[PDB]
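Down below is the structure, laid out as structure tokens.
What follows draws every value from the coordinates through simple rules; no lab data is involved. Because the Cβ atoms are built from the backbone with ideal geometry, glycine has one as well, and the counts that use them run over all protein chains shown.
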Amino acid sequence: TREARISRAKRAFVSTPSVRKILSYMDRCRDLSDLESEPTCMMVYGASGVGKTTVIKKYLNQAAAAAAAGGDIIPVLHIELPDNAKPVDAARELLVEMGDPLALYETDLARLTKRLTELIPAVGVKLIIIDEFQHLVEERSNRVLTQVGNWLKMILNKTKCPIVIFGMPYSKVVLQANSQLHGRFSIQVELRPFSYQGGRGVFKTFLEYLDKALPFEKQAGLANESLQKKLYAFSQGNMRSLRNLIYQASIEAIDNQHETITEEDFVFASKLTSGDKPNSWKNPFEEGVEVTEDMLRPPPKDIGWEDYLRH
Amino acid sequence: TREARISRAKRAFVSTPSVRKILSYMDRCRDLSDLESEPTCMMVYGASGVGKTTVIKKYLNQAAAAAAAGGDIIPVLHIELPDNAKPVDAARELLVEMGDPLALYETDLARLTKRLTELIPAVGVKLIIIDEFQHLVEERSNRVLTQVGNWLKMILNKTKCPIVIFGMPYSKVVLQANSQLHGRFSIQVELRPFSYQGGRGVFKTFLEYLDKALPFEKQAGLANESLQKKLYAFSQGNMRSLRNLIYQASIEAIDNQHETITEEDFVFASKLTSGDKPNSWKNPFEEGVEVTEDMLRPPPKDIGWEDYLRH
Amino acid sequence: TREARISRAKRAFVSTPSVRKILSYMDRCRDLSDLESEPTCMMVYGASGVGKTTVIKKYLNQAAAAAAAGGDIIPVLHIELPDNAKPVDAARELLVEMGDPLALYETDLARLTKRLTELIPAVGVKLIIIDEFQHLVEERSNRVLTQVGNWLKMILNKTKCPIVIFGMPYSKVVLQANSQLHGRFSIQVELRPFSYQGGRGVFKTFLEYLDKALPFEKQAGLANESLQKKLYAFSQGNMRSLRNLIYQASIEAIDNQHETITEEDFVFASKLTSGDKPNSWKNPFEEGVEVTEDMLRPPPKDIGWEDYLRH
DNA sequence: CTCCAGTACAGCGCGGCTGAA
DNA sequence: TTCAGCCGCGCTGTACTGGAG
Ligand SMILES: Nc1ncnc2c1ncn2[C@@H]1O[C@H](COP(=O)(O)OP(=O)(O)OP(=O)(O)O)[C@@H](O)[C@H]1O
Ligand SMILES: Nc1ncnc2c1ncn2[C@@H]1O[C@H](COP(=O)(O)OP(=O)(O)OP(=O)(O)O)[C@@H](O)[C@H]1O
Ligand SMILES: Nc1ncnc2c1ncn2[C@@H]1O[C@H](COP(=O)(O)OP(=O)(O)OP(=O)(O)O)[C@@H](O)[C@H]1O
């Protein structure tokens, strides 16, 4: 097996120009705030499985690894809101993640607001990264509860510290709900999936560098005329479903001692990771699926909106 | 009586290729997660009485018997959600099943989420098997309450541990409810009942190996021209109703000292376990039920959907 | 008076072949479950006043009298659900009936589920007999609330103990409501009333053995040409209305010192217990009610359904 | 004892069915 | 076909109950 080789296939990061744009703007957002005047506050959108959590994890490592190794400083944070969050819930989650208070027994919303304003300049917080902002949309109704948003404005004005709120595209309406919170978050970037297959696009060079990064020694056959077309046909732009297929195909080619990833175990990987794919979608690998013009259209505008459009 | 022989007739496991497919994928799901990166997360559908709980019990024994005998390690779990589950309810059920906390007095959903994230790497959890996923569908309305699904996504991202959620086929819409939870559960397998009678199929060899496994010494007469047609006519594919009929017929042949299972006590067993069978269905054993072409059609597509279609 | 003789007239049990069928199946249901594998789980239907409660009381005495006299063991139970039962209500009723916990102050549905799963193998429960299953049908609307049914499935799978749920025939739709609970209850028997008067049927020999069992010394005159026709004409099959008439007639013949039950006090007993009988029904005892062909028809199919058909 | 959340009952508004013009 | 009245369903407000501070 060699679980070292398996972990190498699973942990494969390839930097796209969109990710380098987000990382450059994140470094800019941090280094601009003097923690006296109002910070910059970016909002990053992005659909279900574009690689937002990978972007935050890549930034976390490249920013706070040596500083966290130095001592209890924790310069940048990573916060994942709970579903249907109250201000007290997201406040105490921000508290128990940041350093080591108890913080989650005494829930009174005011004294723990005083605690984390006492503690944010104490440890030396430089940035707050919130991952889930679509949790502030109520599930079955379409009201967006503005208590956490107003509390985020409150904690932003009280202690001037830049906040980079991530979320799905339909979380925009939560920023539309509060006009003051809308005005604060000026910088808005859309981390949207891969666009076209025509070739010599960002998708080809991405698969070229991922072909390089794969733990096979000789070639993996990606980013050619035939296989790129089949690959985009399987996974439209969704980075997770593409990486899942590539991961299952790699560990399949590792299991039965092979040269590389071939059109032997790729078909098996396609039939394995095609459960989540929609009703009308066709698997382009099986017996005789001539990959069509209609399969390779760019992803829509409302790609991450559909759950909001379902009600 | 010899309750040893009765327990032998009751505890009879025959491995079908569909069950071996599920077990191979379950072993694969476990041995792929390094518990740093995102796990694989299979979803196994299956109708009312296909042998899902038998699959989980067979896997539990063949995985965790010697490791549980070694000490308090509990590598794999078995969770059965309560009906109309809240995240706190399914969270504390996951807690009180896993090891020995108290965990079911202090219900605050946040500190017991912290407790089970503290405790999951502590004991060394390798896999979580959830049995009931159709409970998240509300009974009389058709809304699917997405609090437990969003909490399952939360606990999946917080502590990277593979979850194999079992459920009835109409629990698919609960996975369709959350687009992120849909994306996560890529591997989907359908454990569907037995297909055809025409003979030399999986049903014949299944009854051949179950004929072997029965505690009678000489023959039980199963998987021949006549009796296989009558057996499929009684129980379409439903593994439980077939096994119940075979069980009641076996213990009937054990009661009055007999050679084997014959067409003496099988008729009695048919009239015994025909209460649950639908209105238009005919018992093929009684006096003169010429077994027809129309009785031996394969089971439908929406076999485990009917309760969802009833409202 | 001699209240000994009065109690002898009131407490008269005559075993029919349908009752002996139910008792043989109950003994079978108990002695088959090894409390490791899935139990047998019979469902027994029956109209208003067929003698279900008498069957459970007869079984309770003949099973658990000496074992309850030995010590706190309580092998078999007797549960009567409350009307519009919640799982917590029927759960704590099951708890406070079984042994001696407190169990009915702390209502949280999860920890008392843990309590009775802790306690069922502790005392040594071999069988659970639930008497009222038609309470899960809502009164004025026709929805059947499936929380107690899903909890019964939960407690059946958690602690493998055979459950014999009794109820009225229109409670079948509650078993039709849950396809998993339908599957589980394979053995379904219909304890339906007495059928015909033509003579030399089960009704004649039943009145013959009840004539024997009555506390009069010489004869009671039952199960002859004339009186059997008048008896069926009064009470179609309803065991309770028949036994009530016989009871009132007996204690009338005991009051004024008489030879036996004659056509003197039987007429008075008929006019006494004819309040519940329907509008078009005629009392066949009064002055000149020539007992007709149209009176002596067998009871209908939907005998215990009428309250469901009323809405 | 007070505040927040969930459940049940009552009132108001909207949609569907029935009766009248 | 349109308007009005009655019934059913959904939303809102109100009171009662349970949990939490
Ligand atoms: N640049 C990249 N190169 C290779 N793989 C990548 C890259 N970016 C993301 N991935 C992979 O894409 C997958 C998506 O995971 P990730 O959680 O980051 O997506 P996400 O959008 O945050 O998901 P969600 O919206 O559900 O939180 C991961 O398996 C990750 O390894
Ligand atoms: N491979 C097998 N060989 C023999 N008997 C089997 C096999 N698989 C399942 N059974 C039998 O099928 C019956 C169904 O049990 P099980 O509870 O596993 O089904 P299920 O589909 O999980 O039911 P439910 O979905 O209601 O929980 C059991 O009596 C079991 O012994
Ligand atoms: N075999 C029998 N011989 C004589 N009397 C009988 C017999 N079976 C039942 N009875 C009498 O029939 C009457 C019916 O009472 P019982 O409560 O058993 O009926 P039931 O169907 O349970 O009523 P319910 O459905 O309302 O609970 C009792 O008075 C009982 O003594």
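Could you give me the ³J(HN,Hα) list for segment C:93-103, computed from phi with Karplus coefficients 6.51, -1.76, 1.60 and θ = phi - 60°, whole Hz, x at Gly and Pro?
Residue by residue, segment C:93-103 yields 5, 4, 5, 6, 6, 6, x, 9, x, 7, 6 Hz.
Across segment B:112-123, in residue order, what do the Karplus-derived ³J(HN,Hα) couplings come to in whole Hz, using 6.51 cos²θ - 1.76 cosθ + 1.60 with θ = phi - 60° and x for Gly and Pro?
Along segment B:112-123, the couplings run 7, 5, 5, 4, 7, 6, 4, 8, 5, x, 5, 7 Hz.
Give the separation of the Cα centroids, segment B:149-184 to segment B:83-146, in Å.
Answer, in whole Å: 13.
Please work out the Cα center distance from segment B:252-311 to segment B:1-78, rounded to the nearest Å.
28
For C:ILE129, what residues show an amide H to amide H distance below 5 Å, using hydrogens built from the backbone and excluding near sequence neighbours?
Excluding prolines and chain starts, which carry no amide H, the hits are C:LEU77, C:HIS78, C:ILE79, C:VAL164.
When N counts the residues of the protein assembly as shown, how does its alpha-carbon radius of gyration compare numerically with 2.2 N^0.38 Å, as a ratio?
Cα Rg divided by the expected 2.2 N^0.38 Å: 1.17.
Treat the count of other C-beta atoms within 10 Å as a stand-in for reagent exposure and order B:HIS311, A:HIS135, A:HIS182 from fewest to most.
Fewest-to-most Cβ neighbours within 10 Å comes out as B:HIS311, A:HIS182, A:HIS135.
How far is B:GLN62 from the same spot in each other copy, in nm, shortest first, if each label point sits 7 Å from Cα toward Cβ?
Listed shortest first, these distances are 4.5, 4.6 nm.
Determine the sum of side-chain charges near B:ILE163: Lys and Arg each +1, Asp and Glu each -1, restricted to other residues whose C-beta is under 13 angstrom from that of B:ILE163.
Neighbourhood net charge equals +4.
Below 13 Å, Cα to Cα, which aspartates and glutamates can B:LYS58 reach? Residues fewer than 8 away in the same chain don't count.
Answer for B:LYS58, where 13 Å is the Cα cut-off: B:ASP27, listed by chain and number.
In Å and whole numbers, how far do the C-alpha atoms of segment B:202-304 stretch along each principal axis, longest first?
So the three principal-axis extents are 41, 28, 24 Å.
Taking Cα atoms, how many degrees apart are the long axis of helix A:147-158 and the longest axis of chain A, rounded to 10 and kept between 0 and 90?
Once rounded, one gets 60 degrees.
List the distances, in nm and shortest first, from the label point of B:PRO17 to the matching label points in every other copy, placing each point 7 Å from Cα along the Cα-to-Cβ direction.
List, nearest first: 5.0, 5.0 nm.
Regarding chain B, what is the average projected area of its C-alpha convex hull, in nm²?
18.6
Take B:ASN61 and B:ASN256, extend 7 Å from each Cα along the Cα→Cβ direction, and tell me the distance between the two endpoints in nm.
Reported label-point gap for B:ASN61 and B:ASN256 is 3.3 nm.
Taking 56 Å as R0, compute the FRET efficiency from the Cβ-Cβ separation of A:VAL289 and A:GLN176 and round it to 0.05. Working shown, then result.
Working: r = 42 Å, r/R0 = 0.74.
After rounding, the FRET efficiency stands at 0.85.
Quick check on my link table: of A:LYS230/A:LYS271; C:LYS86/C:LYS160; C:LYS230/C:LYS271; C:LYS21/C:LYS212; B:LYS52/B:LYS86; A:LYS271/B:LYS172, which ones sit more than 20 Å apart, alpha carbon to alpha carbon?
The answer is C:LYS86/C:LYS160; C:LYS21/C:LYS212; B:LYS52/B:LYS86.
Counting only residues 5 or more places away or on other chains, whose amide H sits under 5 Å from the amide H of C:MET43 once H atoms are built in the peptide plane?
When sequence neighbours closer than 5 places are left aside, the close amide H contacts are C:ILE187, C:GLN188, C:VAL189.
Which value at 222 nm does the protein assembly as shown reach when only helices count, each DSSP H run of 4 or more adding -39,500 (n - 2.57), with the total divided by all residues and rounded to the nearest 500 deg cm²/dmol?
-13500 deg cm²/dmol
On C-alpha positions alone, give me the angle between the axis of helix B:52-70 and the longest principal axis of chain B, in degrees, nearest 10.
60
Only counting other Cβ atoms within 10 Å, I'd like B:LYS218, A:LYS229 sorted with the fewest neighbours first.
Exposure proxy ranking, most exposed first: B:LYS218, A:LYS229.
Less than 13 Å Cβ to Cβ from B:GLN257, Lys/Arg counted +1 and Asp/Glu -1: what total charge do the surrounding residues give?
Numbers: positive: B:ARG2, B:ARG5; negative: B:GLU217, B:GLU252, B:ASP255, B:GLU259, B:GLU264, B:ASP265.
Here the count lands on -4.
Could you calculate the FRET efficiency of B:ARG20 with B:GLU118 from 1/(1 + (r/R0)^6), where r is the beta carbon distance between them and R0 is 45 Å, rounded to 0.05?
Approximately 0.75, to the nearest 0.05.
Within segment C:1-89, which GluC sites (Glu not before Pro) sit in a loop by DSSP and count at most 15 neighbouring Cβ atoms inside 10 Å?
C:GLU36, C:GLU80
Only Cα pairs within less than 10 Å get springs; with that Gaussian network setup on chain A, which residue of A:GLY288, A:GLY167, A:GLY149 has the largest fluctuation?
In this elastic network of chain A, the residue with the biggest mean-square fluctuation among A:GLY288, A:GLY167, A:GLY149 is A:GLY288.
Work out the mean other chain Cβ neighbour count within 10 Å for the residues of A:271-277 and drop it here as an integer.
Values: counts 0, 8, 4, 3, 12, 12, 3.
Average per residue, whole number: 6.
What list of ³J(HN,Hα) couplings, whole Hz, do you get for segment C:136-142 from phi and the Karplus terms 6.51, -1.76, 1.60, once you set θ to phi - 60° and write x for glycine and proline?
Working through the residues one at a time gives 7, 7, 5, 6, 9, 7, 10 Hz.
Run the label-point distances for C:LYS212 please: 7 Å along Cα to Cβ, every other copy, nanometres, shortest first.
For C:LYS212, the other copies' label points sit at 5.5, 9.9 nm, shortest first.
Given labels modelled 7 Å from the Cα in the Cβ direction, how far is it in nm from A:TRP305 to B:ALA213?
It works out to 5.4 nm between the two label points.
With contacts defined as alpha carbon pairs under 8 Å and 6 or more residues apart, what's the relative contact order of chain B in percent?
23
Between B:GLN176, B:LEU152, B:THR113, whose Cα lies farthest towards the positive end of the dipole of segment B:65-203 when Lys and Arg beta carbons carry +1 and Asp and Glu beta carbons carry -1, centred on the Cα centre?
Ranked along the dipole, the leading option is B:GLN176.
Would you mind ranking A:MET239, C:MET295 by Cβ crowding within 10 Å, fewest neighbours first?
Ascending number of Cβ neighbours within 10 Å: C:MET295, A:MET239.
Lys/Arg Cβ at +1, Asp/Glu Cβ at -1, dipole of segment C:231-277 taken about the Cα centre: which of C:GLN248, C:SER235, C:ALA269 is farthest positive-ward?
Result: C:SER235.
Residues of B:175-185, mean number of Cβ from any other protein chain within 10 Å of their own Cβ, rounded to a whole number? Show your work: numbers first, answer last.
Numbers: counts 2, 3, 3, 4, 11, 8, 2, 7, 8, 5, 2.
The per-residue average across the peptide is 5.
Stokes-Einstein diffusion coefficient for segment B:1-139 at 37 °C in a medium of 0.692 mPa s, Rh from the Kirkwood formula over Cα pairs: what value in µm²/s?
192
Going by the rotation axis that takes chain B to chain C, pick out the residue of B with the closest C-beta and quote the gap in whole Å.
B:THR107, 15
For segment B:176-221, state which GluC sites (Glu not before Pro) are in a DSSP loop and have at most 12 other beta carbons lying within 10 Å of their beta carbon.
Within segment B:176-221, the qualifying GluC sites (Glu not before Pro) (loop, at most 12 other Cβ atoms within 10 Å) are B:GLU217.
Give me a single rounded figure for B:242-254: the average over its residues of other chain Cβ atoms within 10 Å of their Cβ.
For this peptide, the per-residue mean of nearby foreign Cβ atoms is 2.
If one takes the longest principal axis of the Cα atoms in chain B, at what angle in degrees, from 0 to 90 and to the nearest 10, does the Cα axis of helix B:225-234 lie?
Helix B:225-234 sits roughly 50 degrees off the main axis of chain B.
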